[PDB]
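Chemist: Sharing a structure with you now.
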Amino acid sequence: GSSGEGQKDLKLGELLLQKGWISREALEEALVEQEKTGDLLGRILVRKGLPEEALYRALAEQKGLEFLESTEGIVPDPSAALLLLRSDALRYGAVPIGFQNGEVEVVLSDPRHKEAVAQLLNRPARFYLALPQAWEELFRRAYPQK
Ligand SMILES: Nc1nc2c(ncn2[C@@H]2O[C@@H]3COP(=O)(O)O[C@H]4[C@@H](O)[C@H](n5cnc6c(=O)[nH]c(N)nc65)O[C@@H]4COP(=O)(O)O[C@H]3[C@H]2O)c(=O)[nH]1
């Protein structure tokens, strides 16, 4: 529904700090590592021991994406599978499932590029953010064999 506990969307790292997912030092550590590694603060922060669900959950709050409680519940369809292919889905990291409100529902494991494809499609589509473990398996759901 709705949540609010004096959170701050000032920065990705801060967003997690407000919730208390990572230690104050964890943020600085991941940040400093990004300057030497040049990787994503999120993926680099995970090294501290942060769960994927948390790293992705924050991305949805900062990127304003819609996170999926799960994948097993999702109901895939053939029509949606026509939008993107198995290999093509990996090209952008998105996978269709169905349509709602005259829009195309596509679950991708990359909210950062959500706008990249959203702008390329030039059409009304609902972009969700699901874990890499659930999003990967979803491929079998959206792309049923035979
Ligand atoms: N002092 C400080 N600085 C901070 C903190 N958080 C971030 N930063 C620095 O700002 C840039 C920009 O970060 P944004 O908050 O604009 O957001 C991220 C995020 O949207 C996305 N990202 C980051 N990590 C991941 C990831 O693991 N997966 C995905 N899908 N997207 C990810 O990229 C932008 C860019 O952020 P960067 O991590 O490239 O760099 C940060 C920090 O340099 C903070 O708390 N404190």
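In the structure tokens, chains take the letters A, B, ... in the order shown, each chain's residues start at 1, and ligands count up from 1 in the order shown.
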Can you pull out every residue with an atom within 10 Å of ligand 1? Use only C-alpha atoms and all ligand atoms and format it as JSON, numbers by chain.
Modeler: {"A": [8, 9, 10, 11, 12, 13, 14, 15, 16, 17, 18, 24, 26, 27, 28, 30, 31, 32, 33, 34, 35, 38, 39, 40, 41, 42, 43, 44, 45, 46, 52, 55, 56, 58, 59, 60, 61, 62, 63, 64, 108, 109, 110, 111, 112, 113, 114, 129]}
Chemist: What would the file look like if the residues just selected were written as a tab-separated table (two decimals), in the first residue's frame with N, CA and C atoms?
Modeler:
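The file below, selection.tsv, is the result:
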chain	number	residue	atom	x	y	z
A	8	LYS	N	14.63	9.17	2.79
A	8	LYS	CA	15.27	10.20	1.98
A	8	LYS	C	15.75	9.62	0.65
A	9	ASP	N	15.25	10.17	-0.45
A	9	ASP	CA	15.63	9.71	-1.78
A	9	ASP	C	16.77	10.55	-2.34
A	10	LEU	N	17.50	11.22	-1.45
A	10	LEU	CA	18.61	12.06	-1.86
A	10	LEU	C	19.62	11.27	-2.69
A	11	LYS	N	19.92	10.05	-2.24
A	11	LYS	CA	20.86	9.19	-2.95
A	11	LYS	C	20.52	7.72	-2.73
A	12	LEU	N	20.95	6.87	-3.66
A	12	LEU	CA	20.69	5.44	-3.57
A	12	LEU	C	21.15	4.89	-2.23
A	13	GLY	N	22.43	5.08	-1.92
A	13	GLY	CA	22.97	4.60	-0.66
A	13	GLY	C	22.18	5.09	0.54
A	14	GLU	N	21.87	6.38	0.55
A	14	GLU	CA	21.11	6.97	1.65
A	14	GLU	C	19.75	6.29	1.80
A	15	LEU	N	19.09	6.05	0.68
A	15	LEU	CA	17.78	5.41	0.68
A	15	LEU	C	17.81	4.13	1.51
A	16	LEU	N	18.89	3.37	1.39
A	16	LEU	CA	19.04	2.12	2.13
A	16	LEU	C	19.37	2.39	3.59
A	17	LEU	N	20.16	3.43	3.83
A	17	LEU	CA	20.56	3.80	5.18
A	17	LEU	C	19.34	4.15	6.03
A	18	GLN	N	18.43	4.93	5.45
A	18	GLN	CA	17.22	5.33	6.15
A	18	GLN	C	16.46	4.12	6.68
A	24	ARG	N	26.29	2.42	8.44
A	24	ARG	CA	26.77	3.71	7.97
A	24	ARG	C	28.11	3.57	7.25
A	26	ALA	N	29.13	0.78	5.79
A	26	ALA	CA	28.90	-0.03	4.60
A	26	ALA	C	28.72	0.84	3.37
A	27	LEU	N	28.01	1.95	3.53
A	27	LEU	CA	27.76	2.87	2.42
A	27	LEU	C	29.08	3.46	1.91
A	28	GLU	N	29.86	4.01	2.83
A	28	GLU	CA	31.14	4.61	2.48
A	28	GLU	C	32.07	3.59	1.83
A	30	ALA	N	31.27	0.80	0.13
A	30	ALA	CA	30.80	0.50	-1.21
A	30	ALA	C	31.10	1.66	-2.16
A	31	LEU	N	30.95	2.88	-1.67
A	31	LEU	CA	31.20	4.07	-2.48
A	31	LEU	C	32.67	4.15	-2.88
A	32	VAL	N	33.55	4.07	-1.88
A	32	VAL	CA	34.99	4.14	-2.13
A	32	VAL	C	35.43	3.04	-3.08
A	33	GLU	N	34.79	1.88	-2.98
A	33	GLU	CA	35.12	0.74	-3.83
A	33	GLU	C	34.71	1.01	-5.28
A	34	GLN	N	33.68	1.83	-5.45
A	34	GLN	CA	33.18	2.16	-6.78
A	34	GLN	C	34.15	3.09	-7.50
A	35	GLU	N	34.93	3.84	-6.73
A	35	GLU	CA	35.90	4.77	-7.30
A	35	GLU	C	37.15	4.03	-7.77
A	38	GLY	N	34.90	1.04	-10.17
A	38	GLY	CA	34.11	1.65	-11.22
A	38	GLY	C	32.83	0.89	-11.50
A	39	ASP	N	32.34	0.17	-10.50
A	39	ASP	CA	31.12	-0.61	-10.65
A	39	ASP	C	29.93	0.14	-10.05
A	40	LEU	N	28.77	-0.52	-10.05
A	40	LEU	CA	27.55	0.08	-9.51
A	40	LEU	C	27.56	0.04	-7.98
A	41	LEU	N	27.21	1.16	-7.36
A	41	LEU	CA	27.17	1.24	-5.90
A	41	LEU	C	26.30	0.13	-5.32
A	42	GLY	N	25.26	-0.25	-6.05
A	42	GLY	CA	24.37	-1.29	-5.59
A	42	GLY	C	25.02	-2.66	-5.62
A	43	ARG	N	25.52	-3.05	-6.79
A	43	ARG	CA	26.17	-4.35	-6.96
A	43	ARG	C	27.43	-4.43	-6.11
A	44	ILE	N	28.12	-3.30	-5.95
A	44	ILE	CA	29.34	-3.25	-5.16
A	44	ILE	C	29.03	-3.30	-3.67
A	45	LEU	N	27.88	-2.76	-3.29
A	45	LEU	CA	27.47	-2.74	-1.89
A	45	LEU	C	27.07	-4.14	-1.42
A	46	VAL	N	26.53	-4.93	-2.34
A	46	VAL	CA	26.11	-6.29	-2.03
A	46	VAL	C	27.25	-7.09	-1.39
A	52	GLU	N	19.90	-9.35	-2.28
A	52	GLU	CA	19.48	-8.85	-3.58
A	52	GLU	C	18.12	-8.16	-3.47
A	55	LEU	N	18.72	-4.64	-2.41
A	55	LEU	CA	19.36	-3.83	-3.44
A	55	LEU	C	18.36	-3.46	-4.54
A	56	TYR	N	17.53	-4.43	-4.92
A	56	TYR	CA	16.52	-4.20	-5.96
A	56	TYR	C	15.36	-3.37	-5.42
A	58	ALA	N	15.36	-1.05	-3.25
A	58	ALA	CA	15.74	0.36	-3.22
A	58	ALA	C	15.68	0.98	-4.61
A	59	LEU	N	16.12	0.22	-5.61
A	59	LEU	CA	16.11	0.69	-6.99
A	59	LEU	C	14.70	1.07	-7.43
A	60	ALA	N	13.71	0.33	-6.94
A	60	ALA	CA	12.32	0.60	-7.27
A	60	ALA	C	11.83	1.89	-6.62
A	61	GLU	N	12.39	2.20	-5.45
A	61	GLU	CA	12.01	3.40	-4.72
A	61	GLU	C	12.65	4.64	-5.34
A	62	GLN	N	13.91	4.51	-5.74
A	62	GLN	CA	14.64	5.62	-6.34
A	62	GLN	C	14.23	5.81	-7.80
A	63	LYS	N	14.06	4.70	-8.51
A	63	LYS	CA	13.67	4.74	-9.91
A	63	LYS	C	12.15	4.80	-10.05
A	64	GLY	N	11.45	4.60	-8.94
A	64	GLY	CA	10.00	4.64	-8.96
A	64	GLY	C	9.39	3.49	-9.73
A	108	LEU	N	11.45	-6.50	-15.99
A	108	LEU	CA	12.88	-6.43	-16.28
A	108	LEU	C	13.69	-6.35	-14.99
A	109	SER	N	14.90	-6.90	-15.02
A	109	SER	CA	15.77	-6.89	-13.86
A	109	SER	C	16.76	-5.72	-13.93
A	110	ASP	N	16.31	-4.60	-14.47
A	110	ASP	CA	17.15	-3.42	-14.60
A	110	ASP	C	16.30	-2.16	-14.71
A	111	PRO	N	15.95	-1.57	-13.56
A	111	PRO	CA	15.14	-0.35	-13.50
A	111	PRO	C	15.89	0.87	-14.02
A	112	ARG	N	17.22	0.81	-13.98
A	112	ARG	CA	18.05	1.91	-14.44
A	112	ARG	C	17.86	2.15	-15.93
A	113	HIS	N	17.68	1.07	-16.68
A	113	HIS	CA	17.49	1.16	-18.12
A	113	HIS	C	16.00	1.12	-18.47
A	114	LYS	N	15.16	1.08	-17.45
A	114	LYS	CA	13.71	1.04	-17.65
A	114	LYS	C	13.27	2.13	-18.63
A	129	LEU	N	10.09	-4.49	-11.39
A	129	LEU	CA	11.44	-4.85	-10.98
A	129	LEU	C	11.42	-6.09	-10.09
Chemist: Determine which residues of chain A DSSP labels as strand (DSSP E or B) from the backbone of this structure, then write them out as a PyMOL selection string.
Modeler: chain A and resi 66-67+94-100+103-108+125-129
Chemist: Let me see the file: selected residues, N, CA and C atoms, as a tab-separated table (two decimals), in the first residue's frame.
Modeler:
chain	number	residue	atom	x	y	z
A	66	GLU	N	7.96	-0.63	-10.13
A	66	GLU	CA	7.04	-1.49	-9.40
A	66	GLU	C	7.66	-2.86	-9.15
A	67	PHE	N	8.00	-3.12	-7.89
A	67	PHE	CA	8.60	-4.40	-7.52
A	67	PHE	C	7.54	-5.50	-7.44
A	94	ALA	N	14.50	-7.72	-20.21
A	94	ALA	CA	13.07	-7.58	-19.96
A	94	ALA	C	12.30	-8.78	-20.49
A	95	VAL	N	11.18	-9.10	-19.84
A	95	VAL	CA	10.35	-10.22	-20.25
A	95	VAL	C	8.87	-9.91	-20.07
A	96	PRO	N	8.10	-10.06	-21.15
A	96	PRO	CA	6.65	-9.81	-21.14
A	96	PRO	C	5.89	-10.84	-20.33
A	97	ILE	N	4.58	-10.63	-20.19
A	97	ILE	CA	3.74	-11.55	-19.44
A	97	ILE	C	2.27	-11.38	-19.82
A	98	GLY	N	1.82	-10.13	-19.89
A	98	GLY	CA	0.44	-9.86	-20.25
A	98	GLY	C	0.18	-8.38	-20.48
A	99	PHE	N	-1.08	-8.03	-20.65
A	99	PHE	CA	-1.46	-6.64	-20.88
A	99	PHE	C	-2.56	-6.20	-19.92
A	100	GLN	N	-2.45	-4.98	-19.41
A	100	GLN	CA	-3.44	-4.45	-18.48
A	100	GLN	C	-3.66	-2.96	-18.72
A	103	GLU	N	-2.15	-1.54	-21.77
A	103	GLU	CA	-0.70	-1.41	-21.72
A	103	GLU	C	-0.03	-2.78	-21.74
A	104	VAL	N	1.27	-2.79	-22.02
A	104	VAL	CA	2.03	-4.03	-22.06
A	104	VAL	C	2.85	-4.22	-20.79
A	105	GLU	N	2.60	-5.32	-20.09
A	105	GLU	CA	3.32	-5.62	-18.85
A	105	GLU	C	4.62	-6.37	-19.14
A	106	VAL	N	5.74	-5.75	-18.80
A	106	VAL	CA	7.05	-6.36	-19.02
A	106	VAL	C	7.92	-6.25	-17.77
A	107	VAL	N	8.37	-7.40	-17.28
A	107	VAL	CA	9.22	-7.44	-16.09
A	107	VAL	C	10.69	-7.49	-16.47
A	108	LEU	N	11.45	-6.50	-15.99
A	108	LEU	CA	12.88	-6.43	-16.28
A	108	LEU	C	13.69	-6.35	-14.99
A	125	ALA	N	3.46	0.82	-21.38
A	125	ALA	CA	3.82	-0.48	-20.85
A	125	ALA	C	4.23	-0.39	-19.39
A	126	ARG	N	3.80	-1.36	-18.59
A	126	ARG	CA	4.11	-1.39	-17.17
A	126	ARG	C	5.42	-2.13	-16.91
A	127	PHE	N	6.42	-1.41	-16.42
A	127	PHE	CA	7.72	-2.00	-16.13
A	127	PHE	C	7.85	-2.32	-14.64
A	128	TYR	N	8.15	-3.58	-14.34
A	128	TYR	CA	8.30	-4.03	-12.96
A	128	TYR	C	9.75	-4.42	-12.67
A	129	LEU	N	10.09	-4.49	-11.39
A	129	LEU	CA	11.44	-4.85	-10.98
A	129	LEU	C	11.42	-6.09	-10.09
Chemist: Which one of A:89, A:74, A:84, A:50 sits closest to residue 141 of chain A if you count only C-alpha atoms?
Modeler: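 Between A:89, A:74, A:84, A:50, the residue approaching residue 141 of chain A most closely is A:74.
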Chemist: Which residue out of A:85, A:131, A:117, A:22 has the minimum interatomic distance to residue 70 of chain A when only C-alpha atoms are used?
Modeler: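 Of A:85, A:131, A:117, A:22, the one nearest residue 70 of chain A is A:131, counting only C-alpha atoms.
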Chemist: For the helix (DSSP H, G or I) assignment from backbone DSSP, which residues of segment 9-130 of chain A qualify? Please present them as a compact mmCIF listing (two decimals) with N, CA, C and O atoms, in the first residue's frame.
Modeler:
# COMPACT_ATOMS: atom_id res chain seq x y z
N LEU A 12 20.95 6.87 -3.66
CA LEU A 12 20.69 5.44 -3.57
C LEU A 12 21.15 4.89 -2.23
O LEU A 12 20.37 4.30 -1.49
N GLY A 13 22.43 5.08 -1.92
CA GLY A 13 22.97 4.60 -0.66
C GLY A 13 22.18 5.09 0.54
O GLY A 13 21.86 4.31 1.44
N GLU A 14 21.87 6.38 0.55
CA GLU A 14 21.11 6.97 1.65
C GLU A 14 19.75 6.29 1.80
O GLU A 14 19.31 6.00 2.91
N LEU A 15 19.09 6.05 0.68
CA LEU A 15 17.78 5.41 0.68
C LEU A 15 17.81 4.13 1.51
O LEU A 15 16.86 3.83 2.24
N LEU A 16 18.89 3.37 1.39
CA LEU A 16 19.04 2.12 2.13
C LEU A 16 19.37 2.39 3.59
O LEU A 16 18.93 1.67 4.49
N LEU A 17 20.16 3.43 3.83
CA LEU A 17 20.56 3.80 5.18
C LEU A 17 19.34 4.15 6.03
O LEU A 17 19.23 3.73 7.18
N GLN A 18 18.43 4.93 5.45
CA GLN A 18 17.22 5.33 6.15
C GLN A 18 16.46 4.12 6.68
O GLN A 18 15.91 4.15 7.78
N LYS A 19 16.44 3.05 5.89
CA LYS A 19 15.75 1.83 6.28
C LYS A 19 16.57 1.04 7.30
O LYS A 19 16.03 0.28 8.10
N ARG A 24 26.29 2.42 8.44
CA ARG A 24 26.77 3.71 7.97
C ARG A 24 28.11 3.57 7.25
O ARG A 24 28.36 4.25 6.25
N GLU A 25 28.95 2.67 7.75
CA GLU A 25 30.26 2.44 7.15
C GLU A 25 30.13 1.66 5.85
O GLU A 25 30.91 1.84 4.92
N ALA A 26 29.13 0.78 5.79
CA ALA A 26 28.90 -0.03 4.60
C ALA A 26 28.72 0.84 3.37
O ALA A 26 29.23 0.52 2.29
N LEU A 27 28.01 1.95 3.53
CA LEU A 27 27.76 2.87 2.42
C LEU A 27 29.08 3.46 1.91
O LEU A 27 29.36 3.43 0.72
N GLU A 28 29.86 4.01 2.83
CA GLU A 28 31.14 4.61 2.48
C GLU A 28 32.07 3.59 1.83
O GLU A 28 32.76 3.89 0.86
N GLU A 29 32.07 2.37 2.37
CA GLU A 29 32.91 1.30 1.85
C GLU A 29 32.56 1.00 0.40
O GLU A 29 33.43 0.94 -0.46
N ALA A 30 31.27 0.80 0.13
CA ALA A 30 30.80 0.50 -1.21
C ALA A 30 31.10 1.66 -2.16
O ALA A 30 31.46 1.44 -3.32
N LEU A 31 30.95 2.88 -1.67
CA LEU A 31 31.20 4.07 -2.48
C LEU A 31 32.67 4.15 -2.88
O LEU A 31 33.00 4.29 -4.05
N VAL A 32 33.55 4.07 -1.88
CA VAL A 32 34.99 4.14 -2.13
C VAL A 32 35.43 3.04 -3.08
O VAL A 32 36.34 3.23 -3.90
N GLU A 33 34.79 1.88 -2.98
CA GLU A 33 35.12 0.74 -3.83
C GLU A 33 34.71 1.01 -5.28
O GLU A 33 35.32 0.49 -6.21
N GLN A 34 33.68 1.83 -5.45
CA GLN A 34 33.18 2.16 -6.78
C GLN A 34 34.15 3.09 -7.50
O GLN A 34 34.19 3.13 -8.73
N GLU A 35 34.93 3.84 -6.73
CA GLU A 35 35.90 4.77 -7.30
C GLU A 35 37.15 4.03 -7.77
O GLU A 35 37.88 4.51 -8.64
N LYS A 36 37.39 2.86 -7.19
CA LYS A 36 38.55 2.05 -7.55
C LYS A 36 38.16 0.94 -8.51
O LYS A 36 38.95 0.51 -9.35
N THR A 37 36.92 0.46 -8.38
CA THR A 37 36.42 -0.61 -9.24
C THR A 37 35.63 -0.05 -10.41
O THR A 37 35.68 -0.59 -11.52
N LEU A 41 27.21 1.16 -7.36
CA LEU A 41 27.17 1.24 -5.90
C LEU A 41 26.30 0.13 -5.32
O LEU A 41 26.57 -0.36 -4.22
N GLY A 42 25.26 -0.25 -6.05
CA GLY A 42 24.37 -1.29 -5.59
C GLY A 42 25.02 -2.66 -5.62
O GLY A 42 25.07 -3.36 -4.61
N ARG A 43 25.52 -3.05 -6.79
CA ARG A 43 26.17 -4.35 -6.96
C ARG A 43 27.43 -4.43 -6.11
O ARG A 43 27.78 -5.50 -5.60
N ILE A 44 28.12 -3.30 -5.95
CA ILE A 44 29.34 -3.25 -5.16
C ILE A 44 29.03 -3.30 -3.67
O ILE A 44 29.82 -3.82 -2.88
N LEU A 45 27.88 -2.76 -3.29
CA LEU A 45 27.47 -2.74 -1.89
C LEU A 45 27.07 -4.14 -1.42
O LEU A 45 27.25 -4.49 -0.25
N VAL A 46 26.53 -4.93 -2.34
CA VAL A 46 26.11 -6.29 -2.03
C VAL A 46 27.25 -7.09 -1.39
O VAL A 46 27.01 -7.98 -0.58
N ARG A 47 28.48 -6.75 -1.77
CA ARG A 47 29.65 -7.43 -1.23
C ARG A 47 29.68 -7.37 0.29
O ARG A 47 30.19 -8.26 0.96
N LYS A 48 29.11 -6.29 0.84
CA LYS A 48 29.07 -6.11 2.28
C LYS A 48 28.19 -7.17 2.94
O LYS A 48 28.30 -7.41 4.14
N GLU A 52 19.90 -9.35 -2.28
CA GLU A 52 19.48 -8.85 -3.58
C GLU A 52 18.12 -8.16 -3.47
O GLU A 52 17.89 -7.11 -4.08
N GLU A 53 17.22 -8.77 -2.71
CA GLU A 53 15.88 -8.22 -2.53
C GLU A 53 15.94 -6.77 -2.04
O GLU A 53 15.11 -5.94 -2.41
N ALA A 54 16.93 -6.48 -1.20
CA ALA A 54 17.11 -5.14 -0.67
C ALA A 54 17.67 -4.19 -1.72
O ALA A 54 17.17 -3.08 -1.91
N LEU A 55 18.72 -4.64 -2.41
CA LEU A 55 19.36 -3.83 -3.44
C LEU A 55 18.36 -3.46 -4.54
O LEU A 55 18.34 -2.33 -5.01
N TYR A 56 17.53 -4.43 -4.92
CA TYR A 56 16.52 -4.20 -5.96
C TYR A 56 15.36 -3.37 -5.42
O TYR A 56 14.84 -2.50 -6.11
N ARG A 57 14.97 -3.65 -4.18
CA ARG A 57 13.87 -2.93 -3.55
C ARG A 57 14.13 -1.43 -3.56
O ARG A 57 13.23 -0.63 -3.83
N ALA A 58 15.36 -1.05 -3.25
CA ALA A 58 15.74 0.36 -3.22
C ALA A 58 15.68 0.98 -4.61
O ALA A 58 15.24 2.11 -4.78
N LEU A 59 16.12 0.22 -5.61
CA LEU A 59 16.11 0.69 -6.99
C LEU A 59 14.70 1.07 -7.43
O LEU A 59 14.52 2.02 -8.19
N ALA A 60 13.71 0.33 -6.94
CA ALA A 60 12.32 0.60 -7.27
C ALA A 60 11.83 1.89 -6.62
O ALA A 60 10.98 2.59 -7.16
N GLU A 61 12.39 2.20 -5.45
CA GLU A 61 12.01 3.40 -4.72
C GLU A 61 12.65 4.64 -5.34
O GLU A 61 12.01 5.69 -5.46
N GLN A 62 13.91 4.51 -5.74
CA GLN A 62 14.64 5.62 -6.34
C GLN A 62 14.23 5.81 -7.80
O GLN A 62 14.06 6.93 -8.27
N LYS A 63 14.06 4.70 -8.51
CA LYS A 63 13.67 4.74 -9.91
C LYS A 63 12.15 4.80 -10.05
O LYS A 63 11.62 5.04 -11.14
N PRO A 78 0.83 -16.17 -24.10
CA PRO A 78 1.45 -16.28 -25.42
C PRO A 78 1.53 -14.93 -26.13
O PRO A 78 2.57 -14.57 -26.68
N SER A 79 0.43 -14.19 -26.12
CA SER A 79 0.38 -12.89 -26.76
C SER A 79 1.52 -11.99 -26.29
O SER A 79 2.17 -11.32 -27.08
N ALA A 80 1.76 -12.00 -24.98
CA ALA A 80 2.83 -11.20 -24.40
C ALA A 80 4.20 -11.70 -24.84
O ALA A 80 5.11 -10.91 -25.10
N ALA A 81 4.35 -13.02 -24.92
CA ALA A 81 5.61 -13.62 -25.33
C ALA A 81 6.01 -13.15 -26.72
O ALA A 81 7.18 -13.25 -27.11
N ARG A 86 13.16 -15.08 -26.24
CA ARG A 86 13.98 -15.61 -25.16
C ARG A 86 15.34 -14.93 -25.13
O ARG A 86 15.76 -14.41 -24.10
N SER A 87 16.02 -14.92 -26.27
CA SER A 87 17.34 -14.30 -26.38
C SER A 87 17.22 -12.78 -26.38
O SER A 87 18.03 -12.09 -25.76
N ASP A 88 16.21 -12.27 -27.07
CA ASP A 88 15.99 -10.83 -27.15
C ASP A 88 15.69 -10.25 -25.78
O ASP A 88 16.05 -9.11 -25.48
N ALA A 89 15.03 -11.04 -24.94
CA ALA A 89 14.68 -10.60 -23.59
C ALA A 89 15.93 -10.30 -22.77
O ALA A 89 15.92 -9.42 -21.91
N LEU A 90 17.00 -11.03 -23.05
CA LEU A 90 18.26 -10.84 -22.34
C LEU A 90 19.01 -9.63 -22.87
O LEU A 90 19.81 -9.02 -22.16
N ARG A 91 18.75 -9.28 -24.13
CA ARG A 91 19.40 -8.14 -24.75
C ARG A 91 19.16 -6.86 -23.94
O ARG A 91 20.07 -6.05 -23.77
N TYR A 92 17.93 -6.70 -23.46
CA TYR A 92 17.57 -5.53 -22.67
C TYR A 92 17.28 -5.91 -21.22
O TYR A 92 17.20 -5.05 -20.35
N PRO A 111 15.95 -1.57 -13.56
CA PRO A 111 15.14 -0.35 -13.50
C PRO A 111 15.89 0.87 -14.02
O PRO A 111 15.28 1.85 -14.44
N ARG A 112 17.22 0.81 -13.98
CA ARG A 112 18.05 1.91 -14.44
C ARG A 112 17.86 2.15 -15.93
O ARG A 112 17.87 3.29 -16.40
N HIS A 113 17.68 1.07 -16.68
CA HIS A 113 17.49 1.16 -18.12
C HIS A 113 16.00 1.12 -18.47
O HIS A 113 15.63 1.13 -19.65
N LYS A 114 15.16 1.08 -17.45
CA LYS A 114 13.71 1.04 -17.65
C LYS A 114 13.27 2.13 -18.63
O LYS A 114 12.41 1.89 -19.48
N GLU A 115 13.87 3.31 -18.50
CA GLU A 115 13.53 4.43 -19.38
C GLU A 115 14.11 4.21 -20.78
O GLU A 115 13.52 4.64 -21.77
N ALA A 116 15.26 3.55 -20.84
CA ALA A 116 15.91 3.28 -22.12
C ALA A 116 14.97 2.55 -23.07
O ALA A 116 14.80 2.96 -24.22
N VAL A 117 14.37 1.47 -22.59
CA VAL A 117 13.44 0.69 -23.41
C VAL A 117 12.08 1.36 -23.49
O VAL A 117 11.47 1.42 -24.55
N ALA A 118 11.60 1.86 -22.35
CA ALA A 118 10.31 2.53 -22.29
C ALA A 118 10.20 3.61 -23.37
O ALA A 118 9.15 3.77 -23.99
N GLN A 119 11.29 4.34 -23.58
CA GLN A 119 11.31 5.40 -24.58
C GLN A 119 11.44 4.82 -25.99
O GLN A 119 10.95 5.40 -26.96
N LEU A 120 12.10 3.67 -26.09
CA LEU A 120 12.29 3.01 -27.38
C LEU A 120 10.98 2.39 -27.87
O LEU A 120 10.69 2.40 -29.06
N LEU A 121 10.21 1.84 -26.94
CA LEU A 121 8.94 1.21 -27.27
C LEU A 121 7.94 2.25 -27.80
O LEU A 121 7.21 1.98 -28.75
Chemist: Could you give me, as a PDB file with N, CA, C and O atoms, in the first residue's frame, the residues within 10 Å of residue 72 of chain A, counting only C-alpha atoms and dropping anything in the same chain fewer than 6 positions from it?
Modeler:
ATOM      1  N   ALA A 134      14.256 -14.789  -9.582  1.00  0.00           N
ATOM      2  CA  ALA A 134      12.864 -14.981  -9.968  1.00  0.00           C
ATOM      3  C   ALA A 134      12.623 -14.524 -11.402  1.00  0.00           C
ATOM      4  O   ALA A 134      11.820 -15.114 -12.125  1.00  0.00           O
ATOM      5  N   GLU A 137      13.985 -17.289 -13.887  1.00  0.00           N
ATOM      6  CA  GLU A 137      13.094 -18.440 -13.982  1.00  0.00           C
ATOM      7  C   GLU A 137      11.804 -18.070 -14.708  1.00  0.00           C
ATOM      8  O   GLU A 137      11.187 -18.908 -15.367  1.00  0.00           O
ATOM      9  N   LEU A 138      11.400 -16.812 -14.580  1.00  0.00           N
ATOM     10  CA  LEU A 138      10.182 -16.329 -15.223  1.00  0.00           C
ATOM     11  C   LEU A 138      10.216 -16.597 -16.724  1.00  0.00           C
ATOM     12  O   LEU A 138       9.175 -16.749 -17.362  1.00  0.00           O
ATOM     13  N   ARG A 141       8.240 -19.314 -17.725  1.00  0.00           N
ATOM     14  CA  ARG A 141       6.812 -19.054 -17.585  1.00  0.00           C
ATOM     15  C   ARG A 141       6.282 -18.274 -18.786  1.00  0.00           C
ATOM     16  O   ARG A 141       5.271 -18.646 -19.382  1.00  0.00           O
TER      17      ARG A 141
END
Chemist: Take atom CA of residue 68 of chain A and atom CA of residue 4 of chain A and report the distance between them in Å, one decimal.
Modeler: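 Computing it gives 19.2 Å between the two atoms.
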